[PDB]
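Two forms, one chain: they're shown below as structure tokens, one block per form, named structure 1 and structure 2.
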Structure 1
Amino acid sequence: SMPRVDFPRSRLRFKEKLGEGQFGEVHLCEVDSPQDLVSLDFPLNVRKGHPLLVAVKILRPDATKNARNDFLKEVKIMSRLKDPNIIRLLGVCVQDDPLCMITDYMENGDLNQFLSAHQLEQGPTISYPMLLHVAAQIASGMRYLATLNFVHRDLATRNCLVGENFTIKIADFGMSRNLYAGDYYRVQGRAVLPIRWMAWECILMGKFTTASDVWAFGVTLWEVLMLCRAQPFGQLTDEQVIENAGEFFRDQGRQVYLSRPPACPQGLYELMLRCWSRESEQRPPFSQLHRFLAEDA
């Protein structure tokens, strides 16, 4: 943790359960007069007498030593991350049970669900420059993580949350949602990996770097431009995805690239292809990616 004191528990008014997991639950709560509890570098846009909505992740009160240790590890990592496009840890309750971590609340859910409910410009719609701005926010969030020497290792639209006015917050749900079980591949009956988003060198040698995050961003950019209508490499089985990673390693031109999304102009698709360069050093840094997406595209 980075908060010096526990967030006062009595200031969280329960509104609604947001989900239940093996280790606990997530509650939507209200906080009255939050100015004295909320860090000054975080925006408060509440009318007089209106409360701030926050998300509270609560660890089961009978959790194991291990699950409790995992929970506190997640708290410490989140306490470091202060950026307009990264989920924010607003407070914690860790001096007594049950353990709690309080995040800002992104009322529109994860980005994959959000884009699925939009059509390209009926129901709710979204246009090409708005999709560029979504991806630019992700790139901006990732550029910040890179400056911390922090490797996300699971960037994908399912791990981005959407607030008001299309604001994007990068997050990490872990691998704890049945909805996305198909996006992970179990290796030798133990760990689970997001192979369709991983660079060939993550698949084959287990090396995770900002450079492989750049690769993942390219797949995530492809998702955004597809409006999340299709799993990346959907035509390939998991074993074919792993074989495709062999083809990248051999670089004989038999490797398979994701196709240009219909809404994607050629110059932008060419930028995506550079995120999948075989050499880590030839992938563009996030600073270059954000510049292109916020301006040149």
Structure 2
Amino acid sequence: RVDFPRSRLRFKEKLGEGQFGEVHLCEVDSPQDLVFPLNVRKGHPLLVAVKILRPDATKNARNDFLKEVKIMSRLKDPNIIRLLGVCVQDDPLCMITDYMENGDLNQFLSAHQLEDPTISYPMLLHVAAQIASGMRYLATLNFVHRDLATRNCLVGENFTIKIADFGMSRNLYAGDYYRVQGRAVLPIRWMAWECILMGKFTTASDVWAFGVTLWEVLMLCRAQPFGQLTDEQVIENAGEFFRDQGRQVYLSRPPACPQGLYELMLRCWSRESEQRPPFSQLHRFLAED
């Protein structure tokens, strides 16, 4: 219940610039003194990522950061960001996690093509299975992510995946969010129809977003969901799911995706939230395959 020693965090480079803070890549000085679940290979650099709140950030930003610490303090799964430690008794407030050396999954995967930098079909399924495993864990906690997408996943060594949540402000992904003055920013292309129409976010809407995330993976992250349709058309499509007159449209089957796997995606996009498969089944399907 004690702070990680802030003085042992040695800056190396900036990983991200946020509205109210920054994420740094740091080395941990003399880490064997602290093992704090640090995974140290003797005499090698222990690299960590540190999310830091600017000390002069607004009171509201500090309040939101303190709530994030509370949420993050519960998350203990190999496929979700895990806290190695925090520095919160004094400023700047910080949260420390393992460094994932290959960055976000969208940028990582889009450099690859399906093997004839390549990636095999079984490896794509292994990536997707890890995401499903992380979401399965969140579901056991009754924790709704609300923004699952490949841009919010991180890649480490050997295609290991962890689910994160960068928020909605990065310029690189601005086109993935729908902005209206005075409203929440919304990842409409990943959202179940009931999220769009009623603002109802649940584990079942996380399953829908998982279907879209799986589609992205099988597209090698080289296409945006519903990419030829306008934001207005995507919102209109949510209405068609509600109306249930056969005019709703779905993401198409990726070239890399067999029909059986596409049918799993379609189950994730069931109109009725209760008919969507649970993450325990999605993981089993993908891990067997």
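Quick note, the numbers are simply positions in structure 1, starting from 1. By rigid core we mean the largest C-alpha set that fits within 1.5 Å across both forms.
**Q** After superposing on the rigid core, which residue out of 181, 205, 187, 148 has its C-alpha displaced by 2 Å or more between the two structures?
**A** Correct option: 187.
**Q** With both forms fitted on the core, check whether the Cα of residue 239 differs by 2 Å or more between the two structures.
**A** The answer is no; the displacement is under 2 Å.
**Q** Once the core is aligned, does residue 32 move its Cα by at least 2 Å between the two structures?
**A** Moves: yes, 2 Å or greater.
**Q** After superposing on the rigid core, how much does the Cα of residue 257 shift between the two structures, in Å?
**A** Here residue 257 registers a C-alpha shift of 0.5 Å.
**Q** May I ask for the C-alpha shift of residue 13 between the two structures, in Å, based on superposition of the rigid core?
**A** After core superposition, the C-alpha of residue 13 moves 1.7 Å between the two structures.
**Q** Once both forms share the same rigid core frame, by what distance in Å has the CA of residue 47 shifted between the two structures?
**A** Displacement of the C-alpha, rigid core superposed: 2.9 Å.
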